[PDB]
Amino acid sequence: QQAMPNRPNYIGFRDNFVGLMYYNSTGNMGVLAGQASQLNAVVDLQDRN
Amino acid sequence: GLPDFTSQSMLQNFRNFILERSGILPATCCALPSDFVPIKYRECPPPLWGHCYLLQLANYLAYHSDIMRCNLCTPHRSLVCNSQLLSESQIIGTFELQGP
């Protein structure tokens with residue numbers, strides 16, 4: 001029976017740490033509003049990438 | 001408020017009006033009404049002297065406006081010449097102010 005070496009596979013982070021945040025996630029967004037304002041200053045929608 | 005913006009298309013339409021009403025087909029190649037008019041006052045019959053004055057005025061305006069900026073652009077409205085205006089332009093979009 002013959003054997004062949006396993007294929008190389010390098011794993012690491014992404015270019016400019018892509019994907020580690022939650023930009024453009026309507027379900028999971030953020031707010032920069034005042035303690036007594038209740039107006040989300042971060043309109044984190046999926047229109048812009 | 002009499003002097004009103006005129007689009008080049010309207011001017012060409014008026015130019016065609018003048019041409020047709022005067023008995024020249026607009027499609028017999030090129031033809032401009034301004035070409036059939038004298039230049040100097042002493043080169044024109046008294047009647048069309050108003051037209052001569054208009055033509056001299058038009059040439060003066062045309063060369064004044066740089067159309068071949070006049071003084072409407074170079075002194076202040078020119079970004080290259082005006083440092084303050086250029087610097088203000090550079091920050092046109094990077095503005096931000098919330099304080100609730």
# chains A, B, ... in the order shown; residues from 1 in each chain; ligands from 1
>>> interface_residues(of="chain B", to="chain A", cutoff="12 Å", atoms="only C-alpha atoms", output="PyMOL selection string")
chain B and resi 96-100
>>> atom_distance(atom1="CA of residue 56 (chain B)", atom2="CA of residue 39 (chain B)")
7.6 Å
>>> select_by_dssp(residues="chain B", states="helix (DSSP H, G or I)", output="VMD selection string")
chain B and resid 8 to 21 33 to 35 41 to 43 46 to 64 83 to 90
>>> closest_residue(among="B:69, B:55, B:64, B:17", to="residue 35 (chain B)", atoms="only C-alpha atoms")
B:55
>>> residues_around(residues="region 14-26 of chain A", least_positions_apart="5", cutoff="12 Å", atoms="only C-alpha atoms", output="ChimeraX atom specification")
/A:31,42-49
>>> closest_residue(among="B:5, B:34, B:77, B:41", to="residue 59 (chain B)", atoms="only C-alpha atoms")
B:34
>>> decode(residues="region 7-31 of chain A", atoms="N, CA and C atoms", output="PDB file, in the first residue's frame")
ATOM      1  N   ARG A   7      -1.749  17.350   2.825  1.00  0.00           N
ATOM      2  CA  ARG A   7      -1.631  18.620   2.128  1.00  0.00           C
ATOM      3  C   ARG A   7      -1.382  19.744   3.130  1.00  0.00           C
ATOM      4  N   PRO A   8      -0.535  20.711   2.795  1.00  0.00           N
ATOM      5  CA  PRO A   8      -0.337  21.844   3.696  1.00  0.00           C
ATOM      6  C   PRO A   8      -1.614  22.648   3.850  1.00  0.00           C
ATOM      7  N   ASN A   9      -1.788  23.220   5.039  1.00  0.00           N
ATOM      8  CA  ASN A   9      -2.986  23.998   5.346  1.00  0.00           C
ATOM      9  C   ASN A   9      -2.606  24.996   6.434  1.00  0.00           C
ATOM     10  N   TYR A  10      -2.366  26.239   6.037  1.00  0.00           N
ATOM     11  CA  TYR A  10      -2.013  27.296   6.972  1.00  0.00           C
ATOM     12  C   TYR A  10      -3.274  28.001   7.445  1.00  0.00           C
ATOM     13  N   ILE A  11      -3.388  28.195   8.754  1.00  0.00           N
ATOM     14  CA  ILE A  11      -4.533  28.864   9.355  1.00  0.00           C
ATOM     15  C   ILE A  11      -4.042  30.080  10.121  1.00  0.00           C
ATOM     16  N   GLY A  12      -4.802  31.162  10.040  1.00  0.00           N
ATOM     17  CA  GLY A  12      -4.480  32.354  10.792  1.00  0.00           C
ATOM     18  C   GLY A  12      -5.632  33.330  10.757  1.00  0.00           C
ATOM     19  N   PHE A  13      -5.377  34.529  11.267  1.00  0.00           N
ATOM     20  CA  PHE A  13      -6.369  35.582  11.195  1.00  0.00           C
ATOM     21  C   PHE A  13      -6.493  36.080   9.758  1.00  0.00           C
ATOM     22  N   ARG A  14      -7.413  37.011   9.548  1.00  0.00           N
ATOM     23  CA  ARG A  14      -7.682  37.519   8.214  1.00  0.00           C
ATOM     24  C   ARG A  14      -6.971  38.847   7.992  1.00  0.00           C
ATOM     25  N   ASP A  15      -6.983  39.296   6.742  1.00  0.00           N
ATOM     26  CA  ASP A  15      -6.352  40.561   6.402  1.00  0.00           C
ATOM     27  C   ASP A  15      -7.125  41.689   7.066  1.00  0.00           C
ATOM     28  N   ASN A  16      -6.450  42.449   7.922  1.00  0.00           N
ATOM     29  CA  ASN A  16      -7.093  43.528   8.666  1.00  0.00           C
ATOM     30  C   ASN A  16      -8.202  42.990   9.563  1.00  0.00           C
ATOM     31  N   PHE A  17      -7.957  41.832  10.168  1.00  0.00           N
ATOM     32  CA  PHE A  17      -8.863  41.244  11.149  1.00  0.00           C
ATOM     33  C   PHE A  17     -10.312  41.353  10.696  1.00  0.00           C
ATOM     34  N   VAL A  18     -10.533  41.051   9.419  1.00  0.00           N
ATOM     35  CA  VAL A  18     -11.888  41.003   8.896  1.00  0.00           C
ATOM     36  C   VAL A  18     -12.716  40.034   9.721  1.00  0.00           C
ATOM     37  N   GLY A  19     -13.987  40.367   9.915  1.00  0.00           N
ATOM     38  CA  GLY A  19     -14.941  39.448  10.493  1.00  0.00           C
ATOM     39  C   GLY A  19     -14.957  39.382  12.003  1.00  0.00           C
ATOM     40  N   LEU A  20     -13.995  39.998  12.686  1.00  0.00           N
ATOM     41  CA  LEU A  20     -13.951  39.897  14.138  1.00  0.00           C
ATOM     42  C   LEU A  20     -14.958  40.818  14.812  1.00  0.00           C
ATOM     43  N   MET A  21     -15.493  41.795  14.094  1.00  0.00           N
ATOM     44  CA  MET A  21     -16.525  42.677  14.606  1.00  0.00           C
ATOM     45  C   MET A  21     -17.871  42.246  14.030  1.00  0.00           C
ATOM     46  N   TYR A  22     -18.913  43.024  14.296  1.00  0.00           N
ATOM     47  CA  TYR A  22     -20.265  42.717  13.838  1.00  0.00           C
ATOM     48  C   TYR A  22     -20.849  43.886  13.062  1.00  0.00           C
ATOM     49  N   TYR A  23     -20.075  44.413  12.123  1.00  0.00           N
ATOM     50  CA  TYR A  23     -20.588  45.461  11.262  1.00  0.00           C
ATOM     51  C   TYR A  23     -21.747  44.929  10.431  1.00  0.00           C
ATOM     52  N   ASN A  24     -22.709  45.805  10.154  1.00  0.00           N
ATOM     53  CA  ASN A  24     -23.826  45.489   9.264  1.00  0.00           C
ATOM     54  C   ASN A  24     -24.575  44.239   9.708  1.00  0.00           C
ATOM     55  N   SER A  25     -24.743  44.065  11.012  1.00  0.00           N
ATOM     56  CA  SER A  25     -25.506  42.955  11.573  1.00  0.00           C
ATOM     57  C   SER A  25     -26.743  43.545  12.240  1.00  0.00           C
ATOM     58  N   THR A  26     -27.873  43.500  11.531  1.00  0.00           N
ATOM     59  CA  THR A  26     -29.097  44.096  12.059  1.00  0.00           C
ATOM     60  C   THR A  26     -29.518  43.424  13.360  1.00  0.00           C
ATOM     61  N   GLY A  27     -29.401  42.099  13.431  1.00  0.00           N
ATOM     62  CA  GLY A  27     -29.754  41.406  14.660  1.00  0.00           C
ATOM     63  C   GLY A  27     -28.877  41.808  15.828  1.00  0.00           C
ATOM     64  N   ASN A  28     -27.582  41.986  15.579  1.00  0.00           N
ATOM     65  CA  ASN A  28     -26.610  42.352  16.609  1.00  0.00           C
ATOM     66  C   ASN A  28     -25.925  43.641  16.170  1.00  0.00           C
ATOM     67  N   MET A  29     -26.399  44.768  16.691  1.00  0.00           N
ATOM     68  CA  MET A  29     -25.878  46.083  16.353  1.00  0.00           C
ATOM     69  C   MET A  29     -25.323  46.745  17.612  1.00  0.00           C
ATOM     70  N   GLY A  30     -24.942  48.016  17.472  1.00  0.00           N
ATOM     71  CA  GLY A  30     -24.509  48.805  18.604  1.00  0.00           C
ATOM     72  C   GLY A  30     -25.224  50.139  18.623  1.00  0.00           C
ATOM     73  N   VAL A  31     -25.079  50.840  19.743  1.00  0.00           N
ATOM     74  CA  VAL A  31     -25.669  52.158  19.926  1.00  0.00           C
ATOM     75  C   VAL A  31     -24.663  53.038  20.646  1.00  0.00           C
TER      76      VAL A  31
END
